[PDB]
Every structure is written in structure tokens, then in C-alpha cells.
Amino acid sequence: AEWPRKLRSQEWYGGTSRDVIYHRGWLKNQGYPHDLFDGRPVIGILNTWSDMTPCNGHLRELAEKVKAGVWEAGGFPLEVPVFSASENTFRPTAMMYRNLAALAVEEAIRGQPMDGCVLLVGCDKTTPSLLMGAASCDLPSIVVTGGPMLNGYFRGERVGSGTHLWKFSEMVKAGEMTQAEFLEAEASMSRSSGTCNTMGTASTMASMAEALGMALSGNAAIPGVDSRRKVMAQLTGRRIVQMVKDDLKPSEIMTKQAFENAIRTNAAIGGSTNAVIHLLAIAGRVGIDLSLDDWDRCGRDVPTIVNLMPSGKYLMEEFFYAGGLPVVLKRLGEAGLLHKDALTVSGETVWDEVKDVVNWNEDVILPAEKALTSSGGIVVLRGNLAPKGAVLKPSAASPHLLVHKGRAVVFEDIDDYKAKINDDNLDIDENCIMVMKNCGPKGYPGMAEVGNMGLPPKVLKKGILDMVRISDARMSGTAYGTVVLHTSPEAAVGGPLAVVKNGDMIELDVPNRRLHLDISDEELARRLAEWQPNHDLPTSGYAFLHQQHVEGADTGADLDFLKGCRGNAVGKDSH
Amino acid sequence: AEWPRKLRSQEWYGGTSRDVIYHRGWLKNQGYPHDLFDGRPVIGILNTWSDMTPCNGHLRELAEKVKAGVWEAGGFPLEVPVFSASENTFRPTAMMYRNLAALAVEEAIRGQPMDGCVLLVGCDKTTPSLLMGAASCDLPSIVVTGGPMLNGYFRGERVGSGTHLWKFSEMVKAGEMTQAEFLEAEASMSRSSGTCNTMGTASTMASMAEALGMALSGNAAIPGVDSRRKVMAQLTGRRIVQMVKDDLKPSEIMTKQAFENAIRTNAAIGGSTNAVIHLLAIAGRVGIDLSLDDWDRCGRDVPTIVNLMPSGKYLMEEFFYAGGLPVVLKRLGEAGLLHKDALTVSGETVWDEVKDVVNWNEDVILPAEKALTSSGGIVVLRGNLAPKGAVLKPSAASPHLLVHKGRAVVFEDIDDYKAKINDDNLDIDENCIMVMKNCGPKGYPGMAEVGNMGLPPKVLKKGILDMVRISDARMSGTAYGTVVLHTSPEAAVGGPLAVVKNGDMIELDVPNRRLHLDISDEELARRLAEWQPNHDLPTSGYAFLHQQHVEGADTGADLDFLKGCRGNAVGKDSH
Amino acid sequence: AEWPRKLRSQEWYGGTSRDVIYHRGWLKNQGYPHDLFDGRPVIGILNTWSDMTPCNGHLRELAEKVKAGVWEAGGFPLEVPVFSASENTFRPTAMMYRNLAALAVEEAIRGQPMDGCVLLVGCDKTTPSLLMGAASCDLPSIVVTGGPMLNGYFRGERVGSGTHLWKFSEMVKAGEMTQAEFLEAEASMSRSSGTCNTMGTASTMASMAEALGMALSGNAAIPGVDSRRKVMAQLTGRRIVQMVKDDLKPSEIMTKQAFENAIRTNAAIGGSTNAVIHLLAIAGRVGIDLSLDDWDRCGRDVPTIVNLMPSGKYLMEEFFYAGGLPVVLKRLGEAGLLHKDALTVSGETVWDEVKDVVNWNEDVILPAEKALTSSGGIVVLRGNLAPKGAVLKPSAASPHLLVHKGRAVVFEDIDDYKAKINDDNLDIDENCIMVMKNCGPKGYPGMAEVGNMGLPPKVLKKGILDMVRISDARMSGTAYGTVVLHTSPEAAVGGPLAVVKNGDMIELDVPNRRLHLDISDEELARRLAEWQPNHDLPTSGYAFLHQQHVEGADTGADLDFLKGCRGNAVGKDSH
Ligand code: FES
Ligand code: FES
Ligand code: FES
Ligand SMILES: [Mg+2]
Ligand SMILES: [Mg+2]
Ligand SMILES: [Mg+2]
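Protein chains in written order, with the UniProt record's numbering: chain A, 5 to 579; chain B, 5 to 579; chain C, 5 to 579.
As C-alpha cells, then:
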């Protein structure tokens, strides 16, 4: 684009009119030199920091680095706190407030005199929500990731965030660990500022952002307390000023190819299943046609090479020390699986960015022959039970369970599950299929991460830690097991999942991508005719708004009226 | 000057040696991009903020504004807290630690990789102490003033900092006010972040800094919490980087002409007597020949036109709104008393900065016809009692007392005074001369602001609030009355003041600049023969160091081994 | 002591006088509720944070944590910035400004209304300089250490702070590495906020603070960016308020026993040689009789069990995860070598604090059988060459060099050394003794860490990396080799070291604690007769003060007039 030119912030701050005297004069009460309103890029630094978002605890100091960079490049930096949907505080689930966060971000951007955006994110649902909001404005934007926590250590051994919550709690149910020992582990599990240090959702979404080209190279893996995280933040501050001048917009970066690069990256790293929903939602904002079939297709026969929990052994520190995501992206290029010419926020192509990096640890970023799985991409299951699709993360599942037929053990909701699961009178064995409903977008509500249901204690005492599980819910990115997720349509909207009964047989067949409830179309069709929504609905408030407008996980679980891009035209003046 | 060139910071951060890797590498742990060490000006921002220095409470936020300006200008800002000698916490007196602070500042500057300096100052002693330290290095330096507090208001009346402490305490002694009423006034006396809102030492030194050309024009009068204080700091941050390139040094700015400009400014503003000691000390660092005689000469027949307490009516707020110090400097120019070509830190002459300013209130910045005093300059008294000189601030004195002879009422020290003053049986009247000794640099020690001795209550009960007072001490800039100060040599070093006895007659004659003890040289000389250093002396610590090396107030009360400029040569490498 | 009682802060803030209205009133301009001045403990938080002290870069956030704790316990926290003598910025050497910092800290404490002190430290000289200053006031005080950096990783290998600076520079001289490769290591050498991650001076002095009982248990080893460092800081804030009420003073904690524990602790950890000088200096403030002989005696036959660089293999991270210093103190207790009843700041004895801790890594905190050295205590050498003493760190020395005789190759100063050392024509081999003079307190000046002289490059290419070296200088705790240090009296004051000549033979015998110059007794005396203070001496400034008043390393290199405790009596009133 042409520079110099009149930027949208000048609608507020350029001129001699009464409106400009009002806008410019009031901001000046914070002590800003007059020439800051001379047309230089005005940068909105969107911060998801909060004392109730400990994964983002260091983001104010990151903001200062960003500010410094904007000043250096001759911009005008303004820190703007935005809704922070922390995974670790919000109940019923942070997922329920992602669209709310996305909405407020969109309005904060379009409604206020900023010419460009810096997206300060970290905790799980902060990355997609700001990406959704910024994409729906399509102003020049760039991502700064907070970074993972340092490795957790318990009794001289590695402890992964979230992953060891499942492991220890299941060990306790098996009688192989006491709750007292579990409590002792708490202190040294989260011992620095940052996000979960496994390949969970936050680490995955950081990787997607970088793989999408919406963040500078090397952004994802640097630990929150690492010095180079701050270097990154300041360098990002410099870049956004130039991006605003060059008018480098999200639509030019997040293309279909870019999303394809992102999906294969998810396969290579063995990333969270939540990335599926989040990418679909974000794609729905950019205006790109992206579907579950694209995920299944692109991820097919792409091996996981990142050896981190829950799929592998190590943590984000080792991943970073090995060389981080650029090494992974370079490998994808070498396999001919990368759209090498994909443009990034640096103004350079993704390949030009990563082509010369070195793998410093092949025990962490494995050679292709030694992949944890040959086809690491999340798999999309189709069938009478999931007509709109369901997902599974193969790199953390059990090979002997990937093809499996068993009797359905059914839970009507999470309350139903929690009441039955620890009961020794529960008619269930290791060959049964655990099935749960009413845990989707509308059902839970908000679609909580309860898909990785803990096994029956009497099964766990046999040393059996994996069983086939199916639901219309999510599970933590740090979670594992042969779990089928995002079953669409959910039970709460009358999907076939609603009418699953104890005793019914279910066939799981991942290689053929099929999930089959073994009853006749006749029996199924008549079951659905008698269906009713036996869940509690809200009468007012945001819970109500959510219940009315939220879509299925198969499309990204967005709000129907929030889909698409609405541009960044400046609204009418207030007086 | 030449730019680009190799700056002194490159001695630390320039090159490829182990030591540079050491120096540069360690600083990088705070997350600094490599190019910050490329030779661009590295700015040391010396902050005198402290929680025990409430007058500088907002200097941390002001440091940030300076930082932003340095970033904008392409420099490398680094905040460095320095010794902060607060007037309101330090005992026996903040004055005793001025040289200590000055000592520490000099070493912090020369020993560390800064190419230029920003001096964040406010409370009384902070401004000169940082100026002394910086002058003895002569790197490009610039002053940022914290600023005065807002006006205090008590019971529908303006209350000035410090000035109403003397007034109320004397009113309580006069029985015209209760201590209870005094305590109630405290809450609304200091009600914003900043320094004393009268023409005290802080406001005076702020004006001296600007009058010397060591601060951007308009620096002195801006209130601490006013938005334009923040604008100023950021602009200062921009300017210091250019000053480093141009190598604009204090020695080039603080010339004899500048010090003369400062003196006439002090007269015009009716500034504190403490400016004498501070300017003499600062002159002693730059290497400028400045004496008490210079003070007397330059200030003579310079009228006070600034109508602020303790001399006048209003406060720093009105002074700022009237137009502040630039209006005052312009008036000096119109009277032909200004060295118009004196260079300032802005690169412009003092006249070029002030030549176009407007007086917005002549009730505050008075016209020459309406001046408070025609010869407002501090007067230097000579004579047998003050062989090396003594001073008095005429603009806060009583006209009928400037020429006066009276019986001496003698106090041997502050303890003696405190024991005798409130005794109704004390033989004293309004015509007596109150005399106190052993309150100088060595005597007190530290030369406290105890010179403005409260009058005997039986004299105050006559509605008489002024008496002739003589001592070797200082007094607050907020203080008033016909008080003779800085009597040199002090009694503790055997000055004639030491042997004054009750009954002796004392002649005060300001127009003839004379201070005479009316006894024969024979009687005086024989009295001195019996003099001894009648004090309990310290054997160690800084108090001892002070006792051994401190000079008289007639030369600025510096430490003998601290006088002069020692340059800014980098010492040997540490490794 | 009895509570409630009148604390020293009440001299400022307790009562109804004019002075109290002044003192209390001014601090109120920063927005403090009145009851904060009711006599509750006023805590001075002494912060050595500075942008030019990157090792203490995160101390403001710890200061905030300390503040929160003080509030909780019902105190009145006030942050007070103090002089920060960073090893990595100050030249000629930070050591020259350790005493300057101690003076300023002392005066800031005694001169201001604080009832207790929190010492925020990190970088080498910050800990002892503040401990000296606080000890000379003897108010209730407690230490918070910033904490070490994370491990440096370059090309999949551990890099220790400082230690690998010496190693690589010698490797480059040996031709085993290029300088270009050295620069690539810079980025990943210091990659988090904190001090050297080896057992350097900072880690040593941090351990001394904890071993003395002047910090909460576990304070020394916690990484700067670890969450529990912040927990530590807040708990310290709570504790200091209680310490002030109980009046728990440094003199009660830093007893002869406490210093003995610290010395024995230093041996176990294989700590820096600088701990000798610093402990001697600090003991001289408390008024405890401590000498070099105490060091020699207490350290003899105490084995180093800490497996960290430069003595061992690992870094402070591994040390912390293993259990840190409490485990080390426990082992001394188990060996019967600990003064178990020594009181600590927690109000409990050191044994009560550590007796139940667990060793989580026996490869890092070694069992006695696998100690690096059997007698790990620093050894004191005596003889004609060092009549007042010299020291050596055995755990990082070469066993085969501990008893050794060789031709002395003499360098007259650091300039002499650097001019000759890299010359291939220099007559020297692996059996010669490298000797350098004029690097002591007065000589250098400031006694730099240059004692570990790099070997001749032609010697290094033979694979010989250690030589016996002698000087009057210091060396980094991160340094290693058979190096003789702190030779007293120094050459600059006419010590026998001054008259050493090329060709002289020197006998080193650590078991017999002897250092012998092989010349006749007569020849030495006549050599000294020709000695002159052949240095460029300062004529003014602090450099002059240093030259006039600094003592030898044999007593801690303090300033002679600063020794001892001068108490904390509140000074005379300021008005
Ligand atoms: S909760 Fe923030 S990343 Fe797991
Ligand atoms: S008290 Fe700080 S300026 Fe008067
Ligand atoms: S330099 Fe600050 S700790 Fe080593
Ligand atoms: Mg989650
Ligand atoms: Mg004063
Ligand atoms: Mg050291």
C-alpha cells in the first residue's frame, strides 16, 4: 500500500473540527506529545492479561516490550485490556465464553481509533478468541504468545500440565496412589508464569498461529519466563508499525493454503483436538471454506514427529531447545506437504523463514522413521452415530482400540456419569464402550472438556488404563486415550447420539473412518421421533443467548450471527 | 559534533571479546534485541523516586515517559535509581546527605555504560545533588523536574507547604490557634503528588535548573500531577539522545553567564537562600568561579515580581498559570539583565526560548511598578561577626528591621534554644537580636533548617511576628522573617559567632551589607583564645567522614575531596 | 521485646507536634490512610533493582510481593531503592563500590523512619554491601535473594554462567574453538532474569545469607523466574513485621556460630573465594571476631558435596530441584558439623528449619563418599610471600599442583600481563608459576577479578589447562584452577609480592599451608628498601577516598572508618 496515507485513526485525531479537539484533547490528559497524532500508525495492544488468568500472568511486562517496539518504529502504542477467557477459572467452561470474548474484541477494534493490532494471548481460549475477533475486522494483526510454563517436577521426575492430572487421579482410583501424594505434587507442577507445558491447546494454538503465519517465526515454543520471549514481543512491536504502513491484513495471510499448512502442522506436532473447532471457527471469520473433510484429508498419513506429552515423553522446554516449530515446518516443506510460498506477517514466505533452521534434538523432534504414529492427523469419523462427524487424536490413542466393537455403557449427562462410574455395581468391563451425551455446545452447556472420562476403578485395578469412549464433548489438549469427540449433531439438538442405549453395540473403525451404531435405520429413525431435550435451559442472560445461536462443533461452534468478516469501517461520530 | 561515532558505552557493548559478550550478554537476560547495542546512545535515567520521598512519588511514571521518548529517538533507555535525600524523612537533616548523594551519583555515571543522563529530581536536595554528580562527569545531561503539589486549601483559605507550618505553629504559641486546629489542617495541606507548592527550595532549584539552561523551557512550574509534566518528560527523553550525538555537555551549558542568569532569576522569583549554597557547590563541580560576592552583586536591584509565599500571596499553581519561569526570564531580558545568548539543553539560547511568552496574570507575576521589593536579591553581609559572609532573604524580611541595632539574646545550640525560648521569665523583647550557634555543617551536624527560630510567645502575643535572628544554620525556602543565615565561619570551627555573649550589641545594616558585633577587636581576639571544639564528636561512620572534610556554607558546603570535575573516562575492564 | 511499644518510626510519625504534621503530612500526599502512622511497624524494603543490574531485573516484582506480605501482617511497607554495585556494568570493578553501597545503605536506614529492613539482593556485591549496611544499624532485617538464571543451552549442551566464558576463551586460545562460535553461545547463555546459574559469588553469598540464618529457609537456590521465589518474597514480608515487634536483630542472628556455619556451608557447596572477603567485612560490622584463621580452621576436612560448576558438573537448577541448601545444612547436621541451635530470622533454629528435608538428587548433592574433595574448605596460605595471608579454592584446583615448585614468571600489572601473555616468545611452560601484582584494593584499584590469569596459548595447545597462579587480586566464583589469591599485604602497599622478580622459584604446599618465595631472608629486606608507591594515584573524588581509607583483603577490604556498628539511634530533629 501507499505510504504516507491517511489511516483510520485520523478519523478521530486528524484535523481541526470539534470532534477532533474532543478526541485528541481527552487522550492528551494522559501526557502525550502532540505529534503522536500526526498520522503515524496507532497500534492497539490487545492484552488478555488478568490476575485470574495465571497462564497469562506475565503479559503486562510483555506489553511493555511491545510498546517499546512501537515507539522505536515511530508508532503510537496503546494497551487495551480485552476479555480473557481463562480455561482455569471459568465455569461451566471457558469454551462457553470464547465467542463472547471474540465479540468484545471485534467491537473494541472496530469501534476505537486503532490502525493495527497486537494480540497478546496465552491461555487456551485466548488465542482463538482474539484471532476470531481480529479476523472479523481484517485490520493488520499479529500474535504474541505468552509461552509455556517451565517443566514440572515431582519426586525427581517430569510432570506435565493437565496430563498428570489425569494420570495421577486415575492412579488414585486404581489404589496405586493416595490423594495425599497427589496433593504433594501440586506445589511443583506449575512453577513459572506461562501456559501448560505439554502439547495441549494453548501450545497447539500458539503453533497454529505461527503455522498460519500470524506470528513471527519461533513464537510458539519460547517459555514465558525466557528472555527471548521479551525480544520477540519488542520485535513484534516494531513489525506491526510496518504492517500498518504496508497494510498487511489477515486475509492475505490466513488463506486456504495457510490453514492447510496449519492442519498438517497439527498432525506433525500431535496437537490438541480443540484446534479443529478453533480453526473452523476462525476460518468462518476470514471467509475461507474449511470443513472436517479438509482436516481428515490433510492430516491423513502425516506422522507426528514432536515427542511431547500427552502423545510422547518430553515437554515444551525440550521442544524449544530442539529448535521448536520452525524445525517442524521445515520438515513439512521437505516432505512436499507444505505450501512453501505462504505469506507471513514478517512479509516473507513461511519457507523462507524456516528453510535454514537446525534440529538440535532428534529425541524430541523425531526423524520420520521414528514417528510416534505414521498418520498423526486427527481423524474424522462418519456414520449413523455421527452424521456430521466426530474426531479422534490417534497419536495418543491405543492401537488395539483403534478397531473395536463393544457393548455401549451409556451416561445421560455428566451428573449421570459421576454417579455411576465409581460404583462397583456398574455392569461394565474393559471391552465396553463408554458413551456420554448432553456435553456439547448446548448440552453442557459450553461443551466442557469431559470427553476423556476416567475409567471404572475395577477396570483400572486390572492395569487397564484405556477404553473406547464416545461423546459430543471436548477433552483437554493435555488429555489422552482412545476417545471419540465432537460427535455431531450433539444429543441436546437431537443427534442420533441421544438415543444410544445400554446394550447397543458400537463399531469403531478408524482406518475406514467409520463410527457405527449397530441398529437398523428403522429402529434408529423411530427412536429419534420420540426424542426430547432432557437438559436444563437458561431463560435469560448470555447463557440464553448462547443456547439460541451457538452452532455445532462440526462448523467451529461459532455464533450464527457472528460468522464472517464485517470489515473495519469507522462508525459515525458520537456528537 | 560527529555522528555516527564510537560512544563510551561501546567500551562495554562494542566488539567481539569475551568481556563484551559478558557485558552485552548479561544485560540481554532482560530481553533486549541485539541491535540495541549497535552504538546508538545508551541513556541512563537517574531516578530519585522512593516511597520515603513522597515529593517524588510519581517519578516512576515520569521515568516511563522519558523512556518512551528515548525509544522514539532511537536511544537505549535504562532506569537507574540513585540516592534520594528526602527533606521530609532524613534526620538530623537532608543537607548532611547531599554530598553523599552527589558522591554516589558521580560514580554511578562514570562507572557504568551510559552515554548520556536524565536527572529525575524533585525534593529539595535531590536537584543539586544530582547536578553536582553529573557536572563532575560532564556527559550530556538534562533535568526533569517532578513538579509542585497542588494548592492546599483549609477553611476557605489557601494554605502553602511549609509556609503555613511556621505560621500555624507560631499562632499556636501566640494562643490564637489550637494544636487541634493545626492537626486538622494537615489533611488538606499535602493533597497531591509533588513538591512544596510555595517558593521553597524545590521550586527554587527547579527554576535554577531551568535558569541555568539545564532543563527544557517551562520545566519548573508544571504541577506534578498535571498532564503536561508527562509530555515534558517524553520530550526530554527524545532530546537527550540528540544531545549525546551533539555531545552537548553541562560545561558548555553551565557557564559563568548561566550562573549569573540563575542568580538574577532567584531574585526575580524571590527564591530560597538555600540556592546560594547549592549554586556555589554546583559551580564548584563545573569549575566556574562563583562566590558570595557574585551573589550580592548580581542580585542587587533585581526586583522580586513573583507573588508567591513566603514572600508574597499565591502558590506554584498560580505561577504556572500566569506563565511560569519563561515569563520571568523574558522580563529579565527586557530589563537588559539577561545573558540572552546563553545556550540551553534545547540547543537554543535562553532568550530564543522565552522571547515570545505571555504573562497571563500580573497579580501573580507583577509589573515592575508593583514589585514586592526593588532589590530582592539575597544580600551578603560582611563584618567582624561574619568575616567570610552571611546571608539574608530581603523579600521575606521586614523593611523596618533591615537596619537595626539591638541587645543579643544568645543560645549556645538548638538544645539551649529549645530549653529557654518558651520560658516567660526570659529577658527578651521585640528589639533584641536572637542568636544561635553550632548549627552549621560541623556544628549541628549537617547544617539544619533551624535558622528561622520561633519568637518568644510573649513577643508573639503582642502581635509581633518578626524579630532579627542570626545563626550559622539554614532555613526552609518556605520560611520568612528578618533572618540572617549561613554565618561563616560557623561557631564549631571557631568563627566569631562562637564567642557572642548576652548583652553584646549587634548592628544590622543590609543596604551597607554589614553585620557587626559592637565590641573591640581586642575583646573579640581574647575571647577566641578560650574557644574549643566543644562537641561530642563521632569517631567513625559517615558522620565522622562528614566532620573531617565538609566545608563552610560560604563555598557551598561541599566535601573538599569532591570538588571539581573528574571527567568520564572509562576505567579498566573488570575481567 | 514487649509489644505494643514505641518504635523508632514514631519519632517521625507519632505525636501532635509541628514536626509530626510535617513528617506525617508529606507522606500522606501519596495517599495513605491515617492509621498507617499509628505506630505499626514501618518496613523499609531496600531494593537493588536497576536496569543496569540485569541480575536483579525482576526485583521490583519481588518488592511488590514483599509489600503484599507486609500489608497482610499489619505493617506499613515503603520501597526504598539503594545503591546497586553490579559486577557486569561497573568498571574498573564493582568491588570498588561495595563499600560505597554499604555506606549509603547504612545512612538510608538510620536516617529514615523505618523500624525494620528487607534486603532485596541478587548480583554479587549487592548481598554483602547491603548486609554490611544493615549490620551497622542493627534494626530487624531479613534478606530476599533474586535467584539464579535458568541453565544455558547451546547445541544441546549445558552452559554455565561465567564458567564457560573462561573455558571458551581459553579454548579459542588453544585453537579448539573460533571466536565466531563463541558469539553464537551468547544468545542462549543468559536466557532468564537472575544471577549466575553456577556456584559463583552470587550463589555463594546467597547461600551465606541463608546459612547465616538471615533469610528464610530455602531462599538461596530458588530460580529468579520460579513461582516460589515470589511466594518466598511475600512470606518474608509477613515475617519482618513480626520480627520488628519481637525486635529480632541481626546481632542476635549473625553470631560467631552463624559465621562458622556459613564457612562450613561454603566448603560443602564449594563456594566462591569472595565469600571470605565479604564475610570478613560483614563480621566487622556486627562486631564479631572473625579472622582468616577461622576460615582455615572451619573449612578443613569439610567435603564439597554440591556437584555444580565450576567445581562440579551441574547448575543451580539441578541444585534447587535436589532440595537446595537446606539439604546441605542437614548433611552438616548429620555429620555433627553444624551449630544446630543457631537462631534464624524465622525465630526457629537452623536445625529445626532443615532437619526433615529430603535429597531428591544424589548426583547433584553428593553423598560424603562421592564428594569432589575431602577438604573442600578454602585454604589459607602463609609465608614470606604472603605474611598477612592468601587463599585458594581447592574444589576447583588441580590436586597435582597443590604441592608444586616452579620458576616464577612475573607480571608487574594487568597491562604488563596482557602485553606479554599471548607472545609465543615468552619464556614459560606448564611448570612455571604465573605471578601478577598491583591488582589489590589500592593497586588496581578496587581489586578486580583477574587472578585467574589465562594460560599461554602454546601451553593450552598441549592439552594442559591448569597452572599455579599467584596475585593480589580476586577471581570470579565461576573461575577455576590452582590459583592463589588475596595475597596480603598487596604489592601496592609494599607487600613482599611487589619485589618478586623473573627467575625466582616459588614453593606451594597446601597441606602445610605454606607459600614460599625462594630467596634469602636478607635479599627480601633489601628488595623492600627499594619499594615505592609506583602508581598513578587519584587526587580527588571517591577514588581518592578509596585510595586513602581502604584496608586489605585479609580483613575484608572494608573502609577503616566504616568498621563496627554505630547503632540505629534516631538523629536530631530536622527543624
Ligand atoms: S489453563 Fe492456560 S494453558 Fe492450560
Ligand atoms: S518536602 Fe520535599 S520539597 Fe519540601
Ligand atoms: S554478574 Fe550478576 S550474578 Fe554474576
Ligand atoms: Mg483446555
Ligand atoms: Mg528545605
Ligand atoms: Mg564475583
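Note that CB positions come from ideal geometry on N, CA and C, so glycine has one too.
Sort the options by Cα distance to residue i and report the nearest one.
| i | options | result |
| --- | --- | --- |
| residue 204 of chain A | A:553, A:311, A:61 and A:471 | A:311 |
| residue 33 of chain A | B:230, B:65, B:200 and B:125 | B:230 |
| residue 71 of chain A | A:30, A:159, A:538 and A:243 | A:243 |
| residue 345 of chain C | C:46, C:160 and C:215 | C:215 |
| residue 405 of chain B | B:107, B:435, B:557 and B:421 | B:435 |
| residue 558 of chain C | C:52, C:285 and C:105 | C:285 |
| residue 147 of chain C | C:212, C:158 and C:163 | C:212 |
Just to confirm before moving on: does the CB-CB distance between residue i and residue j stay below 9 Å?
| i | j | result |
| --- | --- | --- |
| residue 494 of chain B | residue 560 of chain B | no |
| residue 514 of chain A | residue 391 of chain A | no |
| residue 128 of chain A | residue 91 of chain A | yes |
| residue 122 of chain A | residue 149 of chain A | no |
| residue 228 of chain A | residue 255 of chain A | no |
| residue 351 of chain B | residue 252 of chain B | yes |
| residue 106 of chain C | residue 152 of chain C | no |
Give me the chain C residues within the contact set of residue i, using Cβ-Cβ distance strictly less than 8 Å, ordered along the chain.
| i | result |
| --- | --- |
| residue 159 of chain A | 364 |
| residue 34 of chain B | 55, 58, 61 and 197 |
Between residue i and ligand 1, is the CB less than 8 Å from at least one heavy atom?
| i | result |
| --- | --- |
| residue 278 of chain B | no |
| residue 165 of chain A | yes |
| residue 145 of chain B | no |
| residue 199 of chain A | yes |
May I ask you to check if the CB of residue i is nearer than 8 Å to at least one heavy atom of ligand 2?
| i | result |
| --- | --- |
| residue 128 of chain B | yes |
Name the chain A residues whose beta carbon is nearer than 8 Å to that of residue i?
| i | result |
| --- | --- |
| residue 535 of chain B | None at all; the shortest Cβ gap to chain A is about 57 Å. |
Just checking residue i against ligand 5 - is the residue's beta carbon closer than 8 Å to any of the ligand's heavy atoms?
| i | result |
| --- | --- |
| residue 444 of chain B | no |
Taking only heavy atoms of ligand 3 into account, decide whether any of them is closer than 8 Å to the Cβ of residue i.
| i | result |
| --- | --- |
| residue 228 of chain C | no |
| residue 482 of chain C | yes |
Who are the neighbours of residue i on chain B, taking C-beta pairs under 7 Å?
| i | result |
| --- | --- |
| residue 75 of chain A | 72, 75 and 76 |
| residue 37 of chain A | 235, 238 and 239 |
Run the proximity test for residue i: is its beta-carbon closer than 8 Å to any non-hydrogen atom belonging to ligand 6?
| i | result |
| --- | --- |
| residue 202 of chain C | no |
| residue 6 of chain B | no |
Below 7 Å on C-beta distance, what does residue i contact in chain A?
| i | result |
| --- | --- |
| residue 230 of chain C | 195 and 196 |
| residue 325 of chain C | 157 |
Can you tell me which residues form a DSSP beta bridge with residue i?
| i | result |
| --- | --- |
| residue 513 of chain A | A:407 and A:518 |
| residue 450 of chain C | DSSP lists no partner for residue 450 of chain C. |
| residue 440 of chain B | B:415 and B:475 |
List the residues of chain F whose Cβ lies closer than 8 Å to the Cβ of residue i, in chain order.
| i | result |
| --- | --- |
| residue 69 of chain A | This model lacks chain F altogether, as its protein chains are A, B and C. |
Would you say the beta carbon of residue i is closer than 8 Å to some non-hydrogen atom of ligand 4?
| i | result |
| --- | --- |
| residue 205 of chain A | yes |
| residue 91 of chain A | yes |
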